[PDB]
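One file, final.pdb, carrying PDB, C-alpha atoms (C1' of nucleotides) and all ligand atoms:
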ATOM      1  CA  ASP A  11      82.691 133.904 185.633  1.00  0.00           C
ATOM      2  CA  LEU A  12      79.799 136.461 185.686  1.00  0.00           C
ATOM      3  CA  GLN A  13      79.009 138.066 182.364  1.00  0.00           C
ATOM      4  CA  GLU A  14      77.638 141.551 182.979  1.00  0.00           C
ATOM      5  CA  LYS A  15      75.561 143.448 180.417  1.00  0.00           C
ATOM      6  CA  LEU A  16      74.285 147.019 180.530  1.00  0.00           C
ATOM      7  CA  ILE A  17      70.644 146.994 179.459  1.00  0.00           C
ATOM      8  CA  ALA A  18      69.998 150.720 179.690  1.00  0.00           C
ATOM      9  CA  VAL A  19      71.346 154.083 180.728  1.00  0.00           C
ATOM     10  CA  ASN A  20      68.922 156.929 181.194  1.00  0.00           C
ATOM     11  CA  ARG A  21      69.306 160.582 182.163  1.00  0.00           C
ATOM     12  CA  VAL A  22      66.828 161.639 184.869  1.00  0.00           C
ATOM     13  CA  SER A  23      66.201 165.029 186.486  1.00  0.00           C
ATOM     14  CA  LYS A  24      65.239 166.531 189.845  1.00  0.00           C
ATOM     15  CA  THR A  25      64.033 170.138 189.385  1.00  0.00           C
ATOM     16  CA  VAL A  26      65.458 172.511 192.000  1.00  0.00           C
ATOM     17  CA  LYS A  27      65.350 176.225 192.798  1.00  0.00           C
ATOM     18  CA  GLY A  28      68.706 176.571 191.015  1.00  0.00           C
ATOM     19  CA  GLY A  29      67.665 174.728 187.839  1.00  0.00           C
ATOM     20  CA  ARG A  30      67.827 170.939 187.352  1.00  0.00           C
ATOM     21  CA  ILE A  31      70.014 168.292 189.017  1.00  0.00           C
ATOM     22  CA  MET A  32      70.568 165.812 186.164  1.00  0.00           C
ATOM     23  CA  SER A  33      71.623 162.268 187.115  1.00  0.00           C
ATOM     24  CA  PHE A  34      72.022 158.841 185.491  1.00  0.00           C
ATOM     25  CA  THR A  35      70.294 155.512 185.985  1.00  0.00           C
ATOM     26  CA  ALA A  36      71.955 152.281 184.846  1.00  0.00           C
ATOM     27  CA  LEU A  37      70.060 149.010 184.397  1.00  0.00           C
ATOM     28  CA  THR A  38      72.468 146.094 184.338  1.00  0.00           C
ATOM     29  CA  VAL A  39      72.154 142.334 184.361  1.00  0.00           C
ATOM     30  CA  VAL A  40      74.683 139.783 185.545  1.00  0.00           C
ATOM     31  CA  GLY A  41      74.823 136.019 185.385  1.00  0.00           C
ATOM     32  CA  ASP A  42      77.046 132.971 185.044  1.00  0.00           C
ATOM     33  CA  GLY A  43      75.687 131.751 181.666  1.00  0.00           C
ATOM     34  CA  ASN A  44      74.363 128.651 183.456  1.00  0.00           C
ATOM     35  CA  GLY A  45      71.300 129.289 185.591  1.00  0.00           C
ATOM     36  CA  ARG A  46      72.157 132.327 187.739  1.00  0.00           C
ATOM     37  CA  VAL A  47      70.931 135.789 186.734  1.00  0.00           C
ATOM     38  CA  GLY A  48      70.439 139.028 188.657  1.00  0.00           C
ATOM     39  CA  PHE A  49      69.515 142.572 187.700  1.00  0.00           C
ATOM     40  CA  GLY A  50      70.783 145.737 189.329  1.00  0.00           C
ATOM     41  CA  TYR A  51      69.537 149.305 188.944  1.00  0.00           C
ATOM     42  CA  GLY A  52      72.030 151.970 190.028  1.00  0.00           C
ATOM     43  CA  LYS A  53      71.752 155.765 190.194  1.00  0.00           C
ATOM     44  CA  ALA A  54      74.505 158.392 190.239  1.00  0.00           C
ATOM     45  CA  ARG A  55      75.379 161.868 188.930  1.00  0.00           C
ATOM     46  CA  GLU A  56      77.973 160.227 186.645  1.00  0.00           C
ATOM     47  CA  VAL A  57      77.291 157.335 184.261  1.00  0.00           C
ATOM     48  CA  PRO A  58      80.284 155.113 185.271  1.00  0.00           C
ATOM     49  CA  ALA A  59      79.214 155.302 188.920  1.00  0.00           C
ATOM     50  CA  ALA A  60      75.639 154.322 188.085  1.00  0.00           C
ATOM     51  CA  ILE A  61      76.821 151.313 186.065  1.00  0.00           C
ATOM     52  CA  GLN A  62      79.153 150.381 188.917  1.00  0.00           C
ATOM     53  CA  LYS A  63      76.383 150.652 191.526  1.00  0.00           C
ATOM     54  CA  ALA A  64      74.027 148.619 189.320  1.00  0.00           C
ATOM     55  CA  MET A  65      76.670 145.928 188.787  1.00  0.00           C
ATOM     56  CA  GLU A  66      77.246 145.675 192.541  1.00  0.00           C
ATOM     57  CA  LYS A  67      73.532 145.507 193.260  1.00  0.00           C
ATOM     58  CA  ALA A  68      73.104 142.945 190.471  1.00  0.00           C
ATOM     59  CA  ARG A  69      75.694 140.555 191.912  1.00  0.00           C
ATOM     60  CA  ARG A  70      73.954 140.448 195.303  1.00  0.00           C
ATOM     61  CA  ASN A  71      70.461 139.855 193.803  1.00  0.00           C
ATOM     62  CA  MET A  72      71.261 136.809 191.607  1.00  0.00           C
ATOM     63  CA  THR A  73      68.907 133.834 191.380  1.00  0.00           C
ATOM     64  CA  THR A  74      68.952 130.226 190.133  1.00  0.00           C
ATOM     65  CA  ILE A  75      66.773 129.460 187.100  1.00  0.00           C
ATOM     66  CA  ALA A  76      66.192 125.862 185.949  1.00  0.00           C
ATOM     67  CA  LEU A  77      67.452 125.644 182.350  1.00  0.00           C
ATOM     68  CA  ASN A  78      67.299 122.743 179.909  1.00  0.00           C
ATOM     69  CA  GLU A  79      70.879 122.810 178.641  1.00  0.00           C
ATOM     70  CA  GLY A  80      70.488 126.227 176.983  1.00  0.00           C
ATOM     71  CA  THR A  81      66.686 126.440 176.698  1.00  0.00           C
ATOM     72  CA  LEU A  82      63.544 126.393 178.861  1.00  0.00           C
ATOM     73  CA  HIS A  83      61.814 123.254 180.172  1.00  0.00           C
ATOM     74  CA  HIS A  84      58.410 124.675 179.255  1.00  0.00           C
ATOM     75  CA  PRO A  85      56.666 127.883 178.135  1.00  0.00           C
ATOM     76  CA  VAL A  86      56.461 130.643 180.783  1.00  0.00           C
ATOM     77  CA  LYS A  87      54.641 133.949 181.204  1.00  0.00           C
ATOM     78  CA  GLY A  88      55.925 136.865 183.266  1.00  0.00           C
ATOM     79  CA  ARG A  89      54.292 140.136 184.266  1.00  0.00           C
ATOM     80  CA  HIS A  90      55.552 143.191 186.044  1.00  0.00           C
ATOM     81  CA  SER A  91      53.970 146.602 186.082  1.00  0.00           C
ATOM     82  CA  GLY A  92      52.504 146.735 182.547  1.00  0.00           C
ATOM     83  CA  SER A  93      55.169 144.513 180.945  1.00  0.00           C
ATOM     84  CA  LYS A  94      54.093 140.990 179.988  1.00  0.00           C
ATOM     85  CA  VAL A  95      56.605 138.485 178.584  1.00  0.00           C
ATOM     86  CA  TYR A  96      56.064 135.116 176.965  1.00  0.00           C
ATOM     87  CA  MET A  97      58.969 132.761 176.463  1.00  0.00           C
ATOM     88  CA  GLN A  98      58.935 129.335 174.931  1.00  0.00           C
ATOM     89  CA  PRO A  99      61.578 126.579 174.621  1.00  0.00           C
ATOM     90  CA  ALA A 100      63.126 126.275 171.163  1.00  0.00           C
ATOM     91  CA  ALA A 101      65.256 123.808 169.204  1.00  0.00           C
ATOM     92  CA  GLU A 102      69.020 124.271 169.150  1.00  0.00           C
ATOM     93  CA  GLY A 103      70.179 126.635 166.417  1.00  0.00           C
ATOM     94  CA  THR A 104      67.181 128.964 166.907  1.00  0.00           C
ATOM     95  CA  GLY A 105      69.118 131.532 168.898  1.00  0.00           C
ATOM     96  CA  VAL A 106      67.642 133.948 171.414  1.00  0.00           C
ATOM     97  CA  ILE A 107      64.638 135.287 169.552  1.00  0.00           C
ATOM     98  CA  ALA A 108      63.893 137.822 172.234  1.00  0.00           C
ATOM     99  CA  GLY A 109      63.562 141.586 172.010  1.00  0.00           C
ATOM    100  CA  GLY A 110      65.387 144.325 173.887  1.00  0.00           C
ATOM    101  CA  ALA A 111      66.217 143.911 177.584  1.00  0.00           C
ATOM    102  CA  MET A 112      64.731 140.440 177.456  1.00  0.00           C
ATOM    103  CA  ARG A 113      67.648 139.315 175.258  1.00  0.00           C
ATOM    104  CA  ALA A 114      70.300 140.681 177.649  1.00  0.00           C
ATOM    105  CA  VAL A 115      68.706 138.786 180.538  1.00  0.00           C
ATOM    106  CA  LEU A 116      68.555 135.571 178.541  1.00  0.00           C
ATOM    107  CA  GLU A 117      72.137 135.892 177.288  1.00  0.00           C
ATOM    108  CA  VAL A 118      73.775 136.083 180.710  1.00  0.00           C
ATOM    109  CA  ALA A 119      71.362 133.575 182.245  1.00  0.00           C
ATOM    110  CA  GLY A 120      72.716 131.060 179.708  1.00  0.00           C
ATOM    111  CA  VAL A 121      69.640 130.637 177.501  1.00  0.00           C
ATOM    112  CA  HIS A 122      70.857 130.201 173.908  1.00  0.00           C
ATOM    113  CA  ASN A 123      67.616 129.035 172.247  1.00  0.00           C
ATOM    114  CA  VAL A 124      64.262 130.566 173.106  1.00  0.00           C
ATOM    115  CA  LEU A 125      61.304 132.163 171.434  1.00  0.00           C
ATOM    116  CA  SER A 126      60.000 135.276 173.182  1.00  0.00           C
ATOM    117  CA  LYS A 127      57.524 138.009 172.878  1.00  0.00           C
ATOM    118  CA  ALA A 128      57.039 141.075 175.036  1.00  0.00           C
ATOM    119  CA  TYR A 129      53.502 142.399 175.263  1.00  0.00           C
ATOM    120  CA  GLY A 130      52.474 145.568 177.048  1.00  0.00           C
ATOM    121  CA  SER A 131      55.047 148.058 178.289  1.00  0.00           C
ATOM    122  CA  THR A 132      58.494 147.351 176.865  1.00  0.00           C
ATOM    123  CA  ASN A 133      60.066 149.642 179.452  1.00  0.00           C
ATOM    124  CA  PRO A 134      63.472 147.954 180.148  1.00  0.00           C
ATOM    125  CA  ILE A 135      63.213 148.186 183.931  1.00  0.00           C
ATOM    126  CA  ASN A 136      59.835 146.405 183.921  1.00  0.00           C
ATOM    127  CA  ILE A 137      60.675 143.889 181.163  1.00  0.00           C
ATOM    128  CA  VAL A 138      63.696 142.767 183.124  1.00  0.00           C
ATOM    129  CA  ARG A 139      61.530 142.215 186.207  1.00  0.00           C
ATOM    130  CA  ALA A 140      58.965 140.303 184.168  1.00  0.00           C
ATOM    131  CA  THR A 141      61.664 138.207 182.467  1.00  0.00           C
ATOM    132  CA  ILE A 142      63.200 137.120 185.752  1.00  0.00           C
ATOM    133  CA  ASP A 143      59.718 136.613 187.225  1.00  0.00           C
ATOM    134  CA  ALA A 144      59.120 134.162 184.409  1.00  0.00           C
ATOM    135  CA  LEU A 145      62.543 132.495 184.545  1.00  0.00           C
ATOM    136  CA  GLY A 146      61.850 132.083 188.276  1.00  0.00           C
ATOM    137  CA  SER A 147      58.520 130.369 187.513  1.00  0.00           C
ATOM    138  CA  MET A 148      60.266 127.593 185.535  1.00  0.00           C
ATOM    139  CA  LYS A 149      60.525 124.114 187.053  1.00  0.00           C
ATOM    140  CA  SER A 150      62.545 121.127 185.855  1.00  0.00           C
ATOM    141  CA  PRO A 151      60.578 117.922 185.034  1.00  0.00           C
ATOM    142  CA  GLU A 152      62.194 116.426 188.130  1.00  0.00           C
ATOM    143  CA  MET A 153      60.944 119.254 190.360  1.00  0.00           C
ATOM    144  CA  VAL A 154      57.414 118.815 188.931  1.00  0.00           C
ATOM    145  CA  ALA A 155      57.595 115.060 189.513  1.00  0.00           C
ATOM    146  CA  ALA A 156      58.932 115.553 193.043  1.00  0.00           C
ATOM    147  CA  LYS A 157      55.999 117.823 193.894  1.00  0.00           C
ATOM    148  CA  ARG A 158      53.361 115.486 192.416  1.00  0.00           C
ATOM    149  CA  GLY A 159      55.032 112.420 194.019  1.00  0.00           C
ATOM    150  CA  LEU A 160      55.582 110.785 190.620  1.00  0.00           C
ATOM    151  CA  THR A 161      58.581 109.990 188.387  1.00  0.00           C
ATOM    152  CA  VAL A 162      59.809 111.955 185.384  1.00  0.00           C
ATOM    153  CA  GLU A 163      58.563 109.036 183.254  1.00  0.00           C
ATOM    154  CA  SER A 164      55.067 108.939 184.770  1.00  0.00           C
ATOM    155  CA  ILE A 165      54.706 112.739 184.497  1.00  0.00           C
ATOM    156  CA  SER A 166      55.258 112.352 180.726  1.00  0.00           C
ATOM    157  CA  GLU A 167      53.482 108.978 180.333  1.00  0.00           C
TER     158      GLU A 167
ATOM    159  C1'   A B   1      62.287 108.112 157.332  1.00  0.00           C
ATOM    160  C1'   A B   2      60.429 113.015 156.333  1.00  0.00           C
ATOM    161  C1'   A B   3      56.084 116.314 155.101  1.00  0.00           C
ATOM    162  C1'   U B   4      59.566 121.155 159.650  1.00  0.00           C
ATOM    163  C1'   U B   5      62.631 124.494 163.382  1.00  0.00           C
ATOM    164  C1'   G B   6      58.451 128.751 165.717  1.00  0.00           C
ATOM    165  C1'   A B   7      56.940 134.326 167.926  1.00  0.00           C
ATOM    166  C1'   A B   8      62.818 140.567 168.675  1.00  0.00           C
ATOM    167  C1'   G B   9      61.505 145.648 168.734  1.00  0.00           C
ATOM    168  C1'   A B  10      62.675 151.139 168.406  1.00  0.00           C
ATOM    169  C1'   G B  11      61.484 156.622 168.221  1.00  0.00           C
ATOM    170  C1'   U B  12      58.166 160.403 169.800  1.00  0.00           C
ATOM    171  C1'   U B  13      53.839 163.394 175.121  1.00  0.00           C
ATOM    172  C1'   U B  14      57.396 164.981 180.724  1.00  0.00           C
ATOM    173  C1'   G B  15      61.840 169.060 184.251  1.00  0.00           C
ATOM    174  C1'   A B  16      62.030 163.961 185.234  1.00  0.00           C
ATOM    175  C1'   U B  17      58.751 159.264 186.017  1.00  0.00           C
ATOM    176  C1'   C B  18      55.559 155.141 185.394  1.00  0.00           C
ATOM    177  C1'   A B  19      51.299 154.004 182.790  1.00  0.00           C
ATOM    178  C1'   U B  20      47.887 154.747 178.942  1.00  0.00           C
ATOM    179  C1'   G B  21      47.550 155.928 173.858  1.00  0.00           C
ATOM    180  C1'   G B  22      48.127 157.506 168.915  1.00  0.00           C
ATOM    181  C1'   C B  23      51.671 158.564 165.182  1.00  0.00           C
ATOM    182  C1'   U B  24      56.327 156.813 162.921  1.00  0.00           C
ATOM    183  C1'   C B  25      60.241 153.253 161.632  1.00  0.00           C
ATOM    184  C1'   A B  26      63.123 148.551 160.744  1.00  0.00           C
ATOM    185  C1'   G B  27      60.541 143.175 157.313  1.00  0.00           C
ATOM    186  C1'   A B  28      58.307 140.733 153.415  1.00  0.00           C
ATOM    187  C1'   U B  29      55.731 141.505 148.978  1.00  0.00           C
ATOM    188  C1'   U B  30      54.338 143.588 143.560  1.00  0.00           C
ATOM    189  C1'   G B  31      51.358 142.565 136.465  1.00  0.00           C
ATOM    190  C1'   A B  32      54.207 148.248 139.281  1.00  0.00           C
ATOM    191  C1'   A B  33      55.745 153.390 137.915  1.00  0.00           C
ATOM    192  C1'   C B  34      59.479 156.966 138.294  1.00  0.00           C
ATOM    193  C1'   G B  35      64.940 158.822 139.000  1.00  0.00           C
ATOM    194  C1'   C B  36      69.907 157.508 138.314  1.00  0.00           C
ATOM    195  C1'   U B  37      72.668 153.535 136.307  1.00  0.00           C
ATOM    196  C1'   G B  38      73.193 149.304 133.131  1.00  0.00           C
ATOM    197  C1'   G B  39      77.237 143.404 130.670  1.00  0.00           C
ATOM    198  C1'   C B  40      75.653 138.403 129.594  1.00  0.00           C
ATOM    199  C1'   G B  41      72.506 134.089 130.069  1.00  0.00           C
ATOM    200  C1'   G B  42      68.393 130.785 131.647  1.00  0.00           C
ATOM    201  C1'   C B  43      63.316 130.619 133.065  1.00  0.00           C
ATOM    202  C1'   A B  44      58.939 133.371 133.684  1.00  0.00           C
ATOM    203  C1'   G B  45      56.010 138.067 133.059  1.00  0.00           C
ATOM    204  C1'   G B  46      54.233 142.215 130.044  1.00  0.00           C
ATOM    205  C1'   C B  47      47.048 147.741 128.975  1.00  0.00           C
ATOM    206  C1'   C B  48      45.891 146.874 136.211  1.00  0.00           C
ATOM    207  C1'   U B  49      43.490 152.768 132.783  1.00  0.00           C
ATOM    208  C1'   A B  50      38.932 153.704 128.072  1.00  0.00           C
ATOM    209  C1'   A B  51      33.585 146.689 128.195  1.00  0.00           C
ATOM    210  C1'   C B  52      37.066 153.763 124.416  1.00  0.00           C
ATOM    211  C1'   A B  53      37.025 154.230 118.769  1.00  0.00           C
ATOM    212  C1'   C B  54      39.281 151.276 115.503  1.00  0.00           C
ATOM    213  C1'   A B  55      42.931 151.851 109.321  1.00  0.00           C
ATOM    214  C1'   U B  56      45.259 147.189 107.292  1.00  0.00           C
ATOM    215  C1'   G B  57      46.387 141.950 107.120  1.00  0.00           C
ATOM    216  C1'   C B  58      45.412 137.624 109.215  1.00  0.00           C
ATOM    217  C1'   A B  59      42.491 134.301 113.545  1.00  0.00           C
ATOM    218  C1'   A B  60      37.441 128.352 110.124  1.00  0.00           C
ATOM    219  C1'   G B  61      37.506 125.499 107.205  1.00  0.00           C
ATOM    220  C1'   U B  62      37.452 120.758 104.813  1.00  0.00           C
ATOM    221  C1'   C B  63      35.550 116.619 101.756  1.00  0.00           C
ATOM    222  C1'   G B  64      35.813 114.910  94.164  1.00  0.00           C
ATOM    223  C1'   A B  65      35.709 107.986  98.057  1.00  0.00           C
ATOM    224  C1'   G B  66      28.038 112.445  98.425  1.00  0.00           C
ATOM    225  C1'   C B  67      26.708 115.326  93.435  1.00  0.00           C
ATOM    226  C1'   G B  68      26.102 117.687  88.408  1.00  0.00           C
ATOM    227  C1'   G B  69      30.149 119.271  86.566  1.00  0.00           C
ATOM    228  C1'   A B  70      34.881 121.814  84.368  1.00  0.00           C
ATOM    229  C1'   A B  71      36.620 127.953  85.365  1.00  0.00           C
ATOM    230  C1'   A B  72      41.619 126.508  85.485  1.00  0.00           C
TER     231        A B  72
HETATM  232  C1  LIG C 201      68.411 183.475 201.775  1.00  0.00           C
HETATM  233  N1  LIG C 201      69.561 182.736 201.324  1.00  0.00           N
HETATM  234  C2  LIG C 201      69.257 181.690 200.353  1.00  0.00           C
HETATM  235  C3  LIG C 201      68.914 180.413 201.102  1.00  0.00           C
HETATM  236  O1  LIG C 201      70.020 180.061 201.930  1.00  0.00           O
HETATM  237  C4  LIG C 201      68.606 179.294 200.128  1.00  0.00           C
HETATM  238  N2  LIG C 201      68.307 178.033 200.810  1.00  0.00           N
HETATM  239  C5  LIG C 201      67.020 178.017 201.481  1.00  0.00           C
HETATM  240  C6  LIG C 201      69.778 179.104 199.192  1.00  0.00           C
HETATM  241  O2  LIG C 201      69.475 178.064 198.260  1.00  0.00           O
HETATM  242  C7  LIG C 201      70.546 177.797 197.347  1.00  0.00           C
HETATM  243  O3  LIG C 201      71.548 177.216 198.089  1.00  0.00           O
HETATM  244  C8  LIG C 201      70.044 176.834 196.294  1.00  0.00           C
HETATM  245  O4  LIG C 201      70.305 175.652 196.323  1.00  0.00           O
HETATM  246  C9  LIG C 201      69.181 177.436 195.212  1.00  0.00           C
HETATM  247  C10 LIG C 201      69.788 178.705 194.654  1.00  0.00           C
HETATM  248  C11 LIG C 201      68.890 179.453 193.700  1.00  0.00           C
HETATM  249  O5  LIG C 201      70.072 179.597 195.746  1.00  0.00           O
HETATM  250  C12 LIG C 201      71.043 179.089 196.669  1.00  0.00           C
HETATM  251  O6  LIG C 201      71.272 180.126 197.615  1.00  0.00           O
HETATM  252  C13 LIG C 201      70.133 180.373 198.443  1.00  0.00           C
HETATM  253  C14 LIG C 201      70.421 181.527 199.376  1.00  0.00           C
HETATM  254  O7  LIG C 201      70.558 182.731 198.622  1.00  0.00           O
END
Could I get this file's structure written as structure tokens?
Ligand SMILES: CN[C@@H]1[C@H](O)[C@H](NC)[C@H]2O[C@@]3(O)C(=O)C[C@@H](C)O[C@H]3O[C@@H]2[C@H]1O
Amino acid sequence: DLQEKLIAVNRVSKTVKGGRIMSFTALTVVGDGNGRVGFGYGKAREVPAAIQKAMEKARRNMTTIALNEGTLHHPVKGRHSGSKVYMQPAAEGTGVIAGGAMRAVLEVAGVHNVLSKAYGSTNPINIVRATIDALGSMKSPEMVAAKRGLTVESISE
RNA sequence: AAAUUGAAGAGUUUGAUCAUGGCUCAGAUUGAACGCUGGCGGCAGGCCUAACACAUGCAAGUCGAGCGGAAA
């Protein structure tokens, strides 16, 4: 499987005695639409090579997230650098109500119904890190019951 | 039974960066106005300004089973 999205391309510069070496950063996200998601950030002097590098990096850095059949089990907060993300489970039909970067991550991860907001910096590179920080923080009701030595019933009763 | 199902961001400071932080934009709205354009219908709405000044007509009469009457 592995759906791969390109969140951002950006032209960066190193100043040099000559003039300016201009290069390209690519922020990509990969996942299986069913719990795995990874990001990759690649650099190169050509755009295709950056995307390629990012994709390769992404594949290696993928991570399980506990989803509730296309939504979250509970609300989560993420933070990275100055980017803060809130995401909340939603009813089916809602769609991914996330903003930029955050929606790419949620697409490939397999979230179809979520409510989001991104506070603070909306810098793609940081949002993506916050989003996957948050998706990492999610636990299934079973996991939460396992940890508290109770049953899914008793947790919710 | 139901009385809800709800939350998007982008541009712009730098050679580049990340932050901070303004500014700006996408939405919805309206007793609107203006420009261009303009077929019909239904239902609403229509001096937000000068509590400015107002021509003209009209917007509070009715009762003869209260009364003397009798203009017609
Ligand atoms: C004195 N010779 C210089 C010296 O080799 C410089 N490197 C320290 C060399 O640097 C270059 O190669 C550069 O990259 C910068 C450019 C302006 O000059 C080029 O030619 C520069 C040469 O002219």
Quick one: which residues end up in the PyMOL selection byres (((not hetatm)) within 12 of (chain C and resi 201)) for this structure, as a ChimeraX atom specification? /A:25-31
Residues of chain B within 10 Å of chain A, counting only C-alpha atoms (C1' of nucleotides) - could you list those as a PyMOL selection string? chain B and resi 5-10+15-20
Excluding region 43-49 of chain B and its own-chain neighbours fewer than 2 positions away, which residues fall within 12 Å of it when counting only C-alpha atoms (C1' of nucleotides)? Please give them as a PyMOL selection string. chain B and resi 30-33+41+52
If we count only C-alpha atoms (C1' of nucleotides), what is near region 151-162 of chain A at a cut-off of 12 Å, once residues fewer than 4 positions away on the same chain are taken out, given as a list in words? residues 76, 77, 78, 82, 83, 84, 147, 166 and 167 of chain A
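Considering only C-alpha atoms, the residue among A:80, A:120, A:146, A:134 positioned nearest to residue 41 (chain A) is A:120.
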